[PDB]
Structure formats: structure tokens, C-alpha cells
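Here's the structure we're looking at; comments come further down.
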Amino acid sequence: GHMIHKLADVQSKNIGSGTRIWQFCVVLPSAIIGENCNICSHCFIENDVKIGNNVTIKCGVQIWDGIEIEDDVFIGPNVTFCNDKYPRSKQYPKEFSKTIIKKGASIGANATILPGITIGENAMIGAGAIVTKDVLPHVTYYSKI
Amino acid sequence: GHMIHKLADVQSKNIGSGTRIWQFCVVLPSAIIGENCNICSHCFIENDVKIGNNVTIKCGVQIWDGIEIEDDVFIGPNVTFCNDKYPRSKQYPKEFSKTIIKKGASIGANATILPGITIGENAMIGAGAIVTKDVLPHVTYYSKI
Amino acid sequence: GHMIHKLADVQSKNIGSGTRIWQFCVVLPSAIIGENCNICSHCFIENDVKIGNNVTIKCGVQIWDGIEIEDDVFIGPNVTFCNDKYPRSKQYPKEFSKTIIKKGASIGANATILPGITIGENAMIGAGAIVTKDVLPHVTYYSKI
Ligand SMILES: CC(C)(COP(=O)(O)OP(=O)(O)OC[C@H]1O[C@@H](n2cnc3c(N)ncnc32)[C@H](O)[C@@H]1OP(=O)(O)O)[C@@H](O)C(=O)NCCC(=O)NCCS
Ligand SMILES: CC(C)(COP(=O)(O)OP(=O)(O)OC[C@H]1O[C@@H](n2cnc3c(N)ncnc32)[C@H](O)[C@@H]1OP(=O)(O)O)[C@@H](O)C(=O)NCCC(=O)NCCS
Ligand SMILES: CC(C)(COP(=O)(O)OP(=O)(O)OC[C@H]1O[C@@H](n2cnc3c(N)ncnc32)[C@H](O)[C@@H]1OP(=O)(O)O)[C@@H](O)C(=O)NCCC(=O)NCCS
Ligand SMILES: CC(=O)N[C@H]1[C@@H](O)[C@@H](C)O[C@H](OP(=O)(O)OP(=O)(O)OC[C@H]2O[C@@H](n3cc(C)c(=O)[nH]c3=O)C[C@@H]2O)[C@@H]1O
Ligand SMILES: CC(=O)N[C@H]1[C@@H](O)[C@@H](C)O[C@H](OP(=O)(O)OP(=O)(O)OC[C@H]2O[C@@H](n3cc(C)c(=O)[nH]c3=O)C[C@@H]2O)[C@@H]1O
Ligand SMILES: CC(=O)N[C@H]1[C@@H](O)[C@@H](C)O[C@H](OP(=O)(O)OP(=O)(O)OC[C@H]2O[C@@H](n3cc(C)c(=O)[nH]c3=O)C[C@@H]2O)[C@@H]1O
Ligand code: NA
Ligand code: NA
Ligand code: NA
């Protein structure tokens, strides 16, 4: 089976064997999470969400509607995603922009992923990076400081 | 009335009709929150705080003493604010620096708002931006990467 | 004694007099926390962790295995740390990289601290900074925007 912490609010039944979901996580009903994932404390996971097997999501991350995470992905702490390029309060998109983080990619701590983004297989996103364009497979990207 | 999630700690009675406050939020007694707001999971809202109507605060945001949010503002996930330009542990300011986010402005995911800042009506702050100076009304600002 | 909020999960007994640990914090058993600390809501503190006296950790911060915080340090909200320079899901380091934040240093809101980093005594890290190199004692560092 899987481990859902008593201090998490997990509403999805679509959770793979070996997955751990930690304290103060919210997971909404339609989320799909594969096997042997680690969803660390203080994460939010919405409905139109697919997360593969062996995915690590460190603390303080939100996976919105329109975000897909493939197998073997690492997401660092306080990483953000997004599904709305020009957000205005109460102006709901007719269709959320999709992001996909492809198999084996890693996203460093506190990176910011713009909407509509593909990060290729086995890419490495530097800590604190702002990703405004697709990142090719196996590429190391970071923002110049 | 308003919706306070059972897994939130909301101590303020000053909350407008239609407002939703989600799991694992903390709202301290003197906070004022208007009507039809959405305070998403994992937010902290302090005492000397005014939030208008139709405000969206996405997950993982803290609204400190000295921060005012006007009507129709969008605040993206993991956005930070601040009320102390030269912070030192246990050195409490005599007066917190004030920030105001004016009506209809939007702040992108993981943006950082320095203390003493005005963001003008209907401004758009890019995801991951560091805002060290006021942003004029209706201006799109982002940090060069 | 110390104050552990009923809505925190604090598993460590190694907590100094006068320390406050707030709602929705997780503190694992081996963490050491000194006297008169303030661990604000939504923090995660791991096992191989030493935090000194009079330390302020604002909301939304994680202190990982391998991180030491000395006395009188201020850590701003949504700051990230890290102990793995080339993270890949399920590829556990044989030894976590160590970070030390030396006495009296301050780290601004939403800063990102790379692994293996020393921040010197009384340094000041700008809000949103990415710290990829040691910061000398008493130096003010920020990332060019
Ligand atoms: C991107 C990364 C993999 C690069 O490592 P690297 O290729 O060994 O690069 P180097 O350390 O040799 O740095 C090369 C240059 O890039 C800069 N740089 C490295 N990482 C950077 C980052 N994340 N953001 C901005 N600049 C960065 C360095 O300052 C250095 O600049 P210089 O040549 O002017 O001295 C690494 O720095 C990183 O960000 N890792 C992610 C860590 C993380 O978040 N892990 C999960 C949580 S623990
Ligand atoms: C700022 C923003 C509105 C700009 O959109 P835009 O005006 O269409 O700009 P473009 O996509 O045409 O990009 C123009 C340039 O600015 C850069 N840029 C855009 N947004 C940026 C950002 N947030 N930070 C740094 N650079 C950015 C692009 O890389 C591009 O560079 P180039 O000309 O060298 O190719 C948008 O990118 C953004 O950040 N939106 C906020 C999304 C968000 O956080 N929503 C809430 C959560 S879903
Ligand atoms: C770094 C800091 C201490 C510098 O303050 P300062 O020395 O008075 O510097 P100034 O305000 O005079 O700014 C000098 C320049 O650096 C830039 N700058 C200042 N802080 C910056 C930051 N954090 N990131 C990027 N640039 C910054 C300014 O835009 C200004 O640029 P300019 O000369 O082109 O106009 C302050 O800006 C800061 O970041 N404080 C931390 C606030 C915080 O996070 N507190 C805890 C939460 S409330
Ligand atoms: C800083 C960082 O992200 N480093 C990671 C990287 O090196 C990576 C390759 O391995 C580790 O990440 P994992 O999440 O896979 O660690 P693991 O040892 O499987 O699980 C411990 C994590 O679980 C989460 N957790 C654990 C417990 C016991 C808890 O109560 N609440 C909880 O949220 C957070 C812990 O860091 C490291 O933490
Ligand atoms: C990524 C992003 O910020 N996009 C937003 C933007 O497009 C914006 C214009 O609309 C949406 O934001 P809202 O917060 O207004 O969404 P809404 O549909 O009103 O409410 C769903 C949000 O409520 C919060 N929520 C919801 C539930 C059911 C919950 O259990 N816990 C909870 O925290 C987080 C959800 O994303 C989008 O999420
Ligand atoms: C924006 C910022 O970090 N500014 C700080 C800086 O000026 C610094 C020098 O002083 C203050 O930080 P402290 O954390 O030391 O504030 P303090 O007055 O001791 O405690 C209030 C904080 O405690 C935390 N807290 C408090 C209560 C009552 C709670 O329910 N849940 C809780 O998480 C968050 C509050 O901001 C300021 O908040
Ligand atoms: Na819009
Ligand atoms: Na000070
Ligand atoms: Na590795």
C-alpha cells in the first residue's frame, strides 16, 4: 500500500504502492500519483495532475491543474509552477496552459517554472532559476546572477 | 457567510461574505479580509493587515504586519513580502515599513516584494521578479535573467 | 520551558527554553534548537540539524540534514537551503553537503542558498538572492536584477 500522514488531507484514491505523502499536504480527488513517490510536507496537488513513479517533490511545492510530472523527476523545495501567463483575479482561463517535466529531469530549490513549459528528459534546472523557455533534454539551465 | 476550512487556524472575525480560507492557513485576530477572497492553503496572515474584495492569494504566501492588498489583486504562489529592510534577529522595528498592492495588480509566482513598496493599479509583476522599486500603474515588470 | 503549538508535529526533545514553534511545523527527532528561537508557521526541520540561540526562522523555510544555523541568525520567509548539488530522484548522497550560517547573519526573504555554503558572521543576504559562493563576514550580498 501507500503511506498518507494523518496530518495530510489526501482526497485522491489514485496513489501508487510505496508512495509517501507527508504532513500538511493537500491532494485533490482527481490527482494521479504513481508508485514510490515522496510528497514532502506542505505541498498542494490539484485535480488535473499526473505524477509518475519514483517522483520526489520536496516541501512547499504546488502542482496545479495542467501540470504533468513524468517518472523519476526531482522537484526541489519551494519550486513554483504555473498555468496562467497573464493572471488576473477571478478571470479564469477557458483552458489552463500545460507544463510537462519529462522523465528523470531535476528542478533545483526555489526555481520558477513559467506556464506552457516543457523541461526535457534528464534536464537539470539550477536553484533559483526562472524558466521562461523550454529546456532541452539533458541540458543544465540556470539564471545569470 | 464565509468558508473557513476545519484545518485552518483563523482567529479573525473580520472576514467578508464569500471568502474561502483553505487548509493550513493561519490568520491572526486583527486581519481584515474583504468579500469573495480565496486564501489558498499554507498562507500566513498577520494582524496589521488589510485585504480588499475579490483578492486571490495562492498557496505559500505570508502577508505581514504593514502590508495592504487592495481589491481584485492576484498574488501568485510562494510570493514573499517584507516589512524590515535590514533584518536582525530580535531587533524589532519601532515601525514596520508599509507595502501597498493597489487595485487589480497581479504578482507572479515566487516574486519577492521588498519592504516600503507600492505596486500600482493593474500592474503585472513577472514570475520570480525581485521588486526593489515601486512599479507604476499598469506596468509589466520582470527581473532580467 | 518552550511553546510547541498543538498544530505542530515536533518530535525533538532537544529544544531550548523560550523557543516558540508555530502551527504546521515539522521537527524531526534529532534536531537541536537553542533558547529563545522563533520557528514560524509552515517550517520543516530535519534530523542532522543544529540551530543556536535567538534564531528567527520565518514561515515556509526548510532546514535539511547538513544545515547548521548559529546564534542570532535571521532567516527570512520562503528561504531555501540545500544539501545536494546534482539532485536526482532516489540517488541518495553517501554524505550530505554541509551549509553553515554563522552567528548574527541575516538571509532575506525568498533567498536561495546552494549546498556547501558558508555565510559569514553578521552577513546580510538580499531578498531573492541566489548564493552560489561563500559570503564573507559582515558583507551585504544580493543578486543583480
Ligand atoms: C546548476 C548546478 C547544477 C550547476 O553546478 P555546476 O555545473 O557544478 O556549476 P558551477 O558550480 O561550476 O558554477 C558555474 C557557474 O555558474 C554559476 N551558477 C551555478 N549554479 C547557479 C545557479 N543555480 N544560479 C545562478 N548561477 C549559478 C556559478 O556561480 C558559477 O559562476 P562563475 O563561473 O562565474 O564562478 C548547481 O549549481 C545547482 O544549482 N544545483 C541545484 C541544487 C539544488 O537545488 N538541489 C536540490 C535541493 S538540495
Ligand atoms: C511577465 C509576463 C507577463 C510577460 O509575458 P510577455 O509580456 O508575453 O513576455 P514574453 O513571453 O514575450 O517574454 C519577453 C521576454 O521577457 C522574458 N521574460 C518574460 N517573463 C519573464 C519573467 N517572469 N522573468 C524574467 N524574464 C521574463 C522572456 O524570456 C522574453 O525574453 P526574450 O525577449 O529574450 O526572448 C509573463 O512572462 C509572466 O511572468 N507571467 C506571470 C505568470 C504567473 O506567475 N502567473 C501566476 C501563477 S500561474
Ligand atoms: C540587500 C539590502 C539590505 C540592500 O539595501 P541597501 O543597501 O539600502 O541598498 P539600496 O536600497 O540602496 O539599493 C542599492 C541597489 O541595489 C539594488 N538592490 C537592493 N536590494 C536588492 C536585492 N535584494 N536584490 C537585487 N537588487 C537589490 C537596488 O535596486 C539598488 O539598485 P540601483 O543602485 O540600481 O538603484 C536590501 O535591499 C534587502 O534586500 N533587504 C532584505 C529585506 C528582507 O528580505 N527582510 C526580511 C523579510 S522582511
Ligand atoms: C534538500 C533536498 O531536497 N535533498 C534531497 C535529495 O538529496 C534527494 C536525492 O534525497 C533526499 O530527498 P527525499 O525526499 O527522496 O528524502 P527521503 O530520505 O526519501 O525522505 C525524507 C524526506 O521526507 C519528507 N518527510 C519525512 C518525514 C519523516 C516527515 O515527517 N515529513 C516529511 O516531509 C522530507 C524529508 O526530507 C534529500 O532530502
Ligand atoms: C497557478 C495559479 O495560481 N493559477 C490561478 C489563476 O489562473 C487564477 C485566475 O485562477 C485560479 O486561482 P483561484 O485561487 O482563483 O482558483 P479557484 O478555482 O477559485 O480555487 C481553487 C484554488 O483554491 C485553493 N484550494 C482549493 C481547495 C478545493 C482546497 O482544498 N484547498 C485549496 O487551497 C487552491 C486552488 O488552486 C488558478 O489557480
Ligand atoms: C517579515 C519579517 O520577517 N519581519 C520580521 C523582522 O522584522 C523581525 C526582526 O521581527 C519579526 O519577526 P519575529 O518572527 O521575530 O516576530 P515576533 O514578533 O517575535 O513573532 C511573530 C511571528 O511569529 C510567528 N507566528 C506567530 C503567531 C502568533 C502564530 O500564530 N503563528 C506564527 O507563525 C509569525 C509571526 O510573524 C518580523 O516578523
Ligand atoms: Na487573465
Ligand atoms: Na534591523
Ligand atoms: Na545525484
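Laboratory data are not the source of any read-out in this text; all were calculated from the coordinates shown. Cβ: placed from backbone, ideal geometry, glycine included. Neighbour counts: every protein chain shown.
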- Go over the candidates B:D48, B:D9, B:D65 one by one and state the one that is within 16 Å of ligand 8 (Cβ to nearest atom) and either in contact with a helix residue (DSSP H, G or I) (Cβ under 8 Å, 6 or more places away or on another chain) or more than 21 Å from A:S89 (Cα to Cα) (or both). B:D65
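Restricting attention to the stretch A:117-139, which residues are surrounded by 14 or more Cβ atoms within 10 Å (Cβ to Cβ) and more than 18 Å from the chain's Cα centre (by Cα)? Let's see the steps before the verdict.
Going residue by residue through the stretch A:117-139, those that are surrounded by 14 or more Cβ atoms within 10 Å (Cβ to Cβ) are A:117-132, A:134-135, A:137, A:139.
Within the stretch A:117-139, A:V139 is the sole residue that qualifies.
Being aliphatic (A, V, I, L, M) and more than 13 Å from chain C (Cβ to nearest Cβ) is the filter; apply it to the stretch A:83-128 and report the residue that is farthest from C:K133 (Cα to Cα).
A:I100
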- Which numbered condition trips up B:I33, out of (1) under 21 Å from C:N78 (Cα atoms); (2) under 12 Å from the mean Cα position of the chain (by Cα); (3) among the β-branched types (V, I, T)? (1)
- Just one of the numbered conditions (1) surrounded by fewer than 18 Cβ atoms within 10 Å (Cβ to Cβ); (2) within 12 Å of ligand 3 (Cβ to nearest atom) is not true of C:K85; which one? (2)
- Query: Can you spot a residue in the stretch A:63-78 that is within 15 Å of ligand 2 (Cβ to nearest atom), crowded, with 24+ Cβ neighbours inside 10 Å, within 14 Å of chain C (Cβ to nearest Cβ) and within 29 Å of B:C37 (Cα to Cα)?
  - Reply: yes
- Task: Any residue in the stretch A:41-53 that's in contact (Cβ under 8 Å) with a residue 24 or more places away in the chain: show its pairings with residues that are among the acidic types (D, E) and in a loop (DSSP other than H, G, I, E, B) at Cβ separation under 7 Å, as long as the two are six or more apart or on different chains.
- Result: A:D48/A:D65; A:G52/A:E70; A:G52/A:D71; A:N53/A:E35; A:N53/A:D71
- Query: If you take the residues of the stretch B:129-144 that are closer than 27 Å to C:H138 by Cα and assigned to a loop (DSSP other than H, G, I, E, B), which of them is farthest from the other protein chains (Cβ to nearest Cβ)?
  - Reply: B:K133
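Within the stretch A:85-107, which residues are polar (S, T, N, Q) and over 13 Å from A:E121 (Cα atoms)? Step through it out loud before you land on a result.
Taking the stretch A:85-107 as the starting set, the residues that turn out to be polar (S, T, N, Q) are A:89, A:91, A:97, A:99, A:106.
Answer for the stretch A:85-107, where residues must be polar (S, T, N, Q) and over 13 Å from A:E121 (Cα atoms): A:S89, A:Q91, A:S97, A:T99.
Could you tell me which residue of the stretch A:32-47 is nearest to C:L28 (Cα to Cα), considering only residues that are surrounded by fewer than 24 Cβ atoms within 10 Å (Cβ to Cβ) and in contact with a strand residue (DSSP E or B) (Cβ under 8 Å, 6 or more places away or on another chain)? Reasoning before the result, please.
Step one: of the stretch A:32-47, the residues surrounded by fewer than 24 Cβ atoms within 10 Å (Cβ to Cβ) are A:32, A:34-36, A:38, A:40, A:46-47.
Next cut, in contact with a strand residue (DSSP E or B) (Cβ under 8 Å, 6 or more places away or on another chain) only: A:32, A:34, A:38, A:40, A:46.
Numbers: A:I32: 28, A:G34: 26, A:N38: 16, A:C40: 13, A:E46: 27 Å.
The qualifying residue nearest to C:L28 (Cα to Cα) is A:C40.
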- Considering residues that are among the aliphatic types (A, V, I, L, M) and within 11 Å of ligand 5 (Cβ to nearest atom), the number found within the stretch A:56-100 is 2
